[PDB]
Every structure is written in C-alpha cells, then in structure tokens.
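In case you want the letters, here they are:
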Protein chains: 6
Amino acid sequence: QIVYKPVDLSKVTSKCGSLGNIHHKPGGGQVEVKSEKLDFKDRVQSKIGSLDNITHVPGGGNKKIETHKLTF
Amino acid sequence: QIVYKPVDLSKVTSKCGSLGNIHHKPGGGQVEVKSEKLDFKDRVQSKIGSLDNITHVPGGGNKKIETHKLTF
Amino acid sequence: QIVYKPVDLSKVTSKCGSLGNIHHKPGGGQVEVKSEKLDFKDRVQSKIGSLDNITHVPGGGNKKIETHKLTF
Amino acid sequence: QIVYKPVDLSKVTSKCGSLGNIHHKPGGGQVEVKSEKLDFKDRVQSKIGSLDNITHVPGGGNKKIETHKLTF
Amino acid sequence: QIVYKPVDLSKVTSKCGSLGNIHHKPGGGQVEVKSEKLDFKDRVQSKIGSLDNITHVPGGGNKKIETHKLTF
Amino acid sequence: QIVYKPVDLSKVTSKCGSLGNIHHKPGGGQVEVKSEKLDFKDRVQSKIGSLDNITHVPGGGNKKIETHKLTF
C-alpha cells in the first residue's frame, strides 16, 4: 500500500513601485571559430560563434518549479 | 504501508520602492577558437566562442524550487 | 509502516526603499583557445572561449530550495 | 649683393620584392565626450570624440620635403 | 656681398626581399572625457577623446627633410 | 664678403632579406579625464584622453634631416 499525497499551499509574490530608466549600450566586438568536423548525437544543445545582446525587464519575473516522482 | 504526505505553507516575498537608473556600457573585445574535431553524445550542453552581453532587471525575480521522490 | 510527513511554515522576505544608480562599464579584452579534439558524453555542461558581461539587478532576488526523498 | 643659388641633385629610392598578406582586425570599443562651450579662432585644427581605423600599404611611400626662405 | 651656394648629392635608399604576414588585432577598450569650456587661438592642433587604430606598411617609407634660410 | 658653400655627398642605406611574421594583439583598457577649462594659444600641439594602437613596418624606414641657416 502507497498513499502518495503531498500538499502545497505556498506563495511567491512581489511589489515594485516603479521600474525604468535602464540603458544597455554595447560597443561591438569580434568573434572567430574554426573546425574540420562536427558530430552531435542524442540530446545535444550547442551554440558556436556568437555576439548576442539581451535586455530583460519583467514587471514580476518570479519563478516556481515543482517535480513529483514515484517509481517501482 | 507507506504514507508520503509532506505539507508546504511557506512564503517567498519582496517589496521594492523604486528600481532604475541602471547603465550597462561594454567596450567591445575579441575572441578566437580553433579545433580539428567536435564529437558530442547524450545530454551535452555546449557554448564555444562567444561575446555575449546581458542586462536583467526583474521587478521581483524571486525563485522557489521543490522536488519530491519515492522509489522501490 | 512508514509515515513520511514533514511540515514547512517558513518565510523568506525583503524590503528595499530605493534601488538604483548602478553603472557597469567593461573595457574590452582578448581571448584565444586552441584544441585538437573534443569528445563529450553523458550529462556534460561546457563553456569554451568567452568574453561575456552580465548586469543583474532583481528587486527581490530571494531563493528557496527544497528536496524530499524516500527509497526502499 | 645676394647670390642665393642652392643646388640639389640628391635621390630617395626603394625596391620591395613582394608586398602583401596583411590583416587588420579591430574589436570595437566605446568613446564618450562632454563639454558646455567651444570657441576656436585663427588656424585651429581639432578632432573631438573618434573611433578611427586606418590601413595604409603604399608600394613606395617615400617622402622628400624642401623649404627655401630669404628675408630682409 | 653674400654667396649662399650649398650643394647636395646625397642618397637615401632601401632594398627589401619580401614584406608581409603582418597581423594587427586590437581588443576594444573605453574612453571618457569631461570639460566645461574649450578656448583655442592661433595655430592650435588638438585631439580630445580617441580610440584610433593604425596599420602602416610602406614598401620604402624613407624620409628626407631639407631647410635653407637667409636673413638680414 | 661671405661664401656659404657646404657640400653633402653622404649615403643612408639598408638591405633586408625578408621582413614579416609580426603579430600585434592589444587587450583593451580604460581611460578617464576630467577638466574645468582648457585655454590654448600660439603653436600648441595637444592630445587628451586616448586609447590608440599603431603597427608600423616600413621596408626601408631611413631618415635624413638637414638645416642651413645664415643671419645678419
């Protein structure tokens, strides 16, 4: 007999009064990559040769992550 | 007999009165990479040759992570 | 008989009156990497040759991590 | 009685057997300048706030400069 | 009586068998300048706030400078 | 009576068998300058706040400078 019965009533919350006046200003750059062969198998995530700029300004941006597992 | 019955009532919380006047200003740069062969198998996460800039300004940005496991 | 019954009532909290006037100003730079062969298997996380800049300014930024395990 | 009679018979010369395989590769950068007032008079040469790249490969590039003056 | 009669028969010379395989690779950078007032008069040469890169590869690049003056 | 009669028969010379395999690789940097007032008169040469890179590879690069002056 198994009674798998977890209970969650928890909270993740925020208040912010004002959000702004943010400046992101990159000055370029240079990237070089050389290879002869690539061979990727079975759940590969790959990034080769990048020059990436990100500005991320969510009003909340809170995260909650859950995982339930039962195995025989 | 197994009675797996955890209980969660917890809180994660924030208040911020004003959020701003943020300046991110990078001055370029240079990157070089050389290989003969790449060979990736089975749950590989890879990053090769980057010049990446991030500005991240969440109004909350709080995190909660939970994990429940039972095994026979 | 097993009675796995933990209880959580905890708080994680912040108050901030004003957050700002932040300057991030990197002065470039240079990176070089050389390899013959790369060979990655089974749950590899890898980063090769980078010049990466991050500005991270959460209004809260609190973390809570939990893990429950039972095994036979 | 002034006899002003300079004589020039001189030479400036070069040989180069082969000229090439030159790589110029700049990685960005950042420049900022602030002023309230500017006031320039009478033979001013000025340069304010620059990010300049030059490649100069003349097959000779030899120079000769002469100046003759007589004054009463 | 004045007899100003200089004589020049001089030589400036070069030989170069092969010129090349030159790499110029700058990694960015950052410059900031602040002023209230600038006031320039009468034969001023000025440079304010720069990030300048030069590659110069003349096949000869020889220089000769001459100056003759007579005054009463 | 004045007889200003110098004679020049001089040589400036070079031989080079091969010139090359030169790498110039600067790693960025940072410069800041602050002033209230600048006030320049009569034959001023000025440089304020710079991050400048030079690669100079003349095949000859020889220099000769002469100056002849007579005054009453």
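Residues numbered from 1 in each chain as written, not as in the entry; some residues may be left out. Chains lettered and ligands numbered in written order. Heavy atoms only, no water.

Deposited coordinates in this entry are attributed by the record to cryo-EM, at a stated resolution of 2.72 Å.

Novice: Would you mind going over the interface of chain A and chain B in detail, with residue names and values included?
Specialist: The parts lose accessible area when they come together, and the size of an interface is often stated as this lost area. Every contact between the two is made by 72 residues of chain A and, on the other side, 72 residues of chain B. Counting the contacts that link chain A with chain B gives two salt bridges. Linking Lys47 of chain A and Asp52 of chain B is a salt bridge whose minimum nitrogen-to-oxygen distance equals 2.9 Å. Counting across the interface, chain A meets chain B through 79 residue pairs in polar contact. Examining the composition of the side of chain A that touches chain B, we find that seven residues originate from one element, strand β7 (residues 44-50) of chain A, more than from any other. (Contact = heavy atoms within 4.5 Å. Salt bridge = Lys/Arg side-chain N within 4 Å of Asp/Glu carboxyl O. Polar contact = N/O pair within 3.5 Å; in protein donor to acceptor, adjacent residues only side chain to side chain. Helix = DSSP H or I, 4+ residues; strand = E, 2+ residues; numbered from the N terminus.)

Novice: Requested: an account of the interface of chain C and chain B, with residues and values cited.
Specialist: The partner chain B presents 72 residues to the 72 residues of chain C that form the contact. Summing both sides of the interface, chain C and chain B together bury roughly 5,900 Å²; the carbon and sulfur share of this comes to 49%. Counting the surface chain C buries against chain B, the share from its top three residues, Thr55, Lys64 and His68 of chain C, is 9%. At the surface where chain C touches chain B, the tally comes to two salt bridges. Linking chain C with chain B are 80 residue pairs in polar contact. Sort the elements by how many residues they give to the side of chain C that touches chain B and strand β7 (residues 44-50) of chain C lands first, with seven residues. Taken together, the residues of the side of chain C that touches chain B sort by class into 24 nonpolar, 29 polar and 19 charged. (Buried area = accessible area lost by both parts, 1.4 Å probe. Nonpolar A, V, L, I, M, F, W, Y, C, P; charged D, E, K, R; others polar.)

Novice: Explain the sheet that holds strand β10 (residues 68-71) of chain D to me, using residue names and the numbers behind them.
Specialist: The strand order β10(D)-β10(E)-β11(F) describes an open sheet built from three strands, whose pairing is parallel. Sheet topology places β10 of chain D together with β11 (68-71) of chain F at the edges, where each strand pairs with a single neighbour. Looking at each pair of strands side by side, their axes are set apart by 0° on average, direction ignored. With four bridges joining them, β10 of chain D and strand β10 (residues 68-71) of chain E adopt parallel strand pairing. Looking at β10 of chain E, one finds that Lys69 of chain D is bridged to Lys69 of chain E. (Pairing = 2+ DSSP bridges. Axes fitted to C-alpha atoms, helices over the stretch in contact; angles between N-to-C directions.)

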